[PDB]
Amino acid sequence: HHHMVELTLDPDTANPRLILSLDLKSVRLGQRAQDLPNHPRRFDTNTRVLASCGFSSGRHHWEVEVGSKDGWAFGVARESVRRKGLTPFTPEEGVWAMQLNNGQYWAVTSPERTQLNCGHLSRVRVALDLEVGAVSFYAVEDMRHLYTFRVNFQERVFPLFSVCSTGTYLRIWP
């Protein structure tokens, strides 16, 4: 029994175009925006949602089931990640993520992304280590390493999820 943190998507953060599953574990992009209460924590233009739980210390694992189609990115964000207006999806903006775009897997480095030659992903294990300052990604099938960002995190870190195209999704386990 691998001990993973119990995460729920934070509806107060979700872009209004996102459709969250009724268990708040899954996210996809809808065809149209919902009328949601204006909230300071809400991503009003970028297609993002955070978990309701953030981390200041220790080691935390969770898993993300990923769609086969382009349009998703996920990882962690610093709490101060900007919510309002169009923002860059980059480490400078406090986003540390992997992405599926044009049939290829990427670590979202800046100013150019880093192609991962990892083969098809069904489910990814995220290993957040706030003792050492790292976030690592593994393919669950054989636990092959995908990517590690090494960050001297200076604030609370939140699980981050983005879906910018219809026809794909992300789902938190457990």
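All residue numbers refer to positions in the sequence shown, first residue = 1.
Given 51-59 and 30-38, the range whose Cα B-factors average higher in the PDB entry: Of 30-38 and 51-59, the stretch with the higher C-alpha B-factor average is 30-38.
Stretch with the greater mean C-alpha B-factor as recorded in the entry, comparing 1-9 against 163-171: The entry gives the higher C-alpha B-factor average to 1-9.
Peak C-alpha temperature factor (PDB record), options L128, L116, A139, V64: Checking the PDB record, the top C-alpha B-factor among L128, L116, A139, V64 is at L116.
Where the record places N102 (Cα B-factor, split into thirds across the chain): It falls in the top third of the chain.
Modelled-residue ranking by C-alpha temperature factor, third containing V132: Its C-alpha B-factor belongs to the highest third of this chain's values.
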